[PDB]
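Quick setup: one chain, the form deposited in one PDB entry, written in structure tokens, and binding and motion questions come after.
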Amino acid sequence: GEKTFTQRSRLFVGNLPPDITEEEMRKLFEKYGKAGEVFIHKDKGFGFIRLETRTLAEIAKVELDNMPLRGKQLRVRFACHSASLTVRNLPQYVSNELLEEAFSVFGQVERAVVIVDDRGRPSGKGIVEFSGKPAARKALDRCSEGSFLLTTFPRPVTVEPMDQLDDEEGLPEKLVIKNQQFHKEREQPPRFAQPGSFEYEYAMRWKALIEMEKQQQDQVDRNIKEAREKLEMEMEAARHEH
């Protein structure tokens, strides 16, 4: 069981021929069933196409990612989510479906996921993707001004905009801005710094700062755990009343 014509099945198609038509692009993705939202930018050579299911979009992406057409090699990638939110400070005992139910009060939720580790235990963060931007704006606003509780325990969740990161295409060398700082940084190739050299001293002092920052961050963790446990005891003590 899946949801159809969601933003997660919407593909960005770049490096198109300049004379491309809506019918020409619909014939390209003919194999992958019917298409919905079809956008095409006359100049710049790019557009969007929404396929019925995410599995169909995943197949179309791999089968056409660098397929050459009219001399140019196409660029097929998943389009960025305009209504994605990150939810932290999740309760212990949470689920994807609990988030889908909770955030559905703000608008149509396309997908909600509880981020888990290699052992299946939640990491404390979650993702909530809405159908459209105003529903995500409503959730962001209401959850900051009010206290959104998902479970019996009265611990409000933290709802923030999603910081979208690309760990797939990343930063290719062709895309790096070749400015003065770039050429300065590239004068020296990757190497191990020699003990007693200027670079060695500098790098060891940098390592010291990176380690000092980790110790300072560990201290914040200690302060919040100590304060959290004081509040958790007070909450447990107050329940014995009224």
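Here the rigid core means the biggest group of C-alpha atoms that line up within 1.5 Å when the two forms are laid on top of each other. In case it trips you up, residue 1 is the first one in the sequence shown, and so on.
Set 72-80 against 166-174 and average the Cα temperature factors; 72-80 ends up higher. Mean CA B-factor, 22-30 versus 183-191: the higher value falls on 22-30. Among 49, 203, 56, 209, the highest C-alpha B-factor recorded in the PDB entry belongs to 49. Among all modelled residues in its chain, residue 145 ranks in the highest third by Cα B-factor.
For residue 219, the recorded CA temperature factor ranks within the lowest third of the chain's modelled residues. In this PDB entry, the Cα temperature factor of residue 138 sits in the top third of its chain's modelled residues, the highest group.
Placement of the Cα temperature factor of residue 124 within the chain: lowest third of the modelled residues, per the deposited record.
Among the modelled residues of its chain, residue 67 has a C-alpha B-factor that falls in the highest third, as given in the PDB entry.
Although not depicted, the form deposited in another entry is the subject of the following passage.
In the core-superposed comparison between the shown form and the other one, the C-alpha atom of residue 37 has shifted by less than 2 angstroms. Residue displacement note: residue 182 has its CA displaced by at least 2 Å between the shown form and the other one (rigid core superposed).
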